[PDB]
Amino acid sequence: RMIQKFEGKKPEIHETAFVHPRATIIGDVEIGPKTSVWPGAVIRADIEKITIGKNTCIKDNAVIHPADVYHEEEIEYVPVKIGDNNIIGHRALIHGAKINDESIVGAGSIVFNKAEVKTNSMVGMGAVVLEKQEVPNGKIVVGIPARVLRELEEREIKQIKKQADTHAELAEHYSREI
């Protein structure tokens, strides 16, 4: 319901995506099929693009915003790219960062400017992934700053895709009730 234009850029949302009325999608946003956006989530693509893939969960009160960078006298803007089968947890912040496929950004965590969360990895709850930091494949990072705790079990990795499916099926049932 709050699908807002900005500078004549309107969100492109796939017809099988679900955006809850209490989420806020602004500007140059792209959302793929079966991707869900939940109450209070703000996806604000005003200063640069936000691209979200298919079958991804943007959980409640999560904020997604491109970065404005001031290390050069000319101001620079970094887009957000989020891949497929991801869980962006309750109250997580994705700030000018890249999330690849089948990964979990834990609840309340921050993934900051030019960072990259690689496929089949986890950002731990409340963790802060710093500027340009890389979360490696098959690992979980925790704390502030985010540091590697351990490798993920092969079951833990396989249940990410299963979580993405569960939450996409949930979103489908929301869609059926206007």
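The numbering used is simple: start at 1 and walk along the sequence shown.
A.B. asks: On average, which has the higher Cα B-factor in the deposited entry, 129-137 or 54-62?
C.D. replies: It is 129-137 that shows the higher mean C-alpha B-factor.
A.B. asks: Which is higher on mean Cα B factor in this entry, 38-46 or 141-149?
C.D. replies: Here the higher of the two C-alpha B-factor means belongs to 141-149.
A.B. asks: Rank-wise, by C-alpha B-factor, drop residue 107 into the lowest, middle or highest third of its chain.
C.D. replies: According to the entry, residue 107 has a C-alpha B-factor in the chain's lowest third.
A.B. asks: Please say which third, lowest, middle or highest, residue 95 falls into when its CA temperature factor is compared across its chain.
C.D. replies: Lowest third.
A.B. asks: Quick check on the deposited entry: does the C-alpha B-factor of residue 10 sit in the lowest, middle or highest third of its chain?
C.D. replies: It belongs to the highest third of the chain when residues are ordered by C-alpha B-factor.
A.B. asks: C-alpha B factor of residue 157, ranked within the chain: lowest, middle or highest third?
C.D. replies: Ranked within chain, residue 157 CA B lands in the highest tercile.
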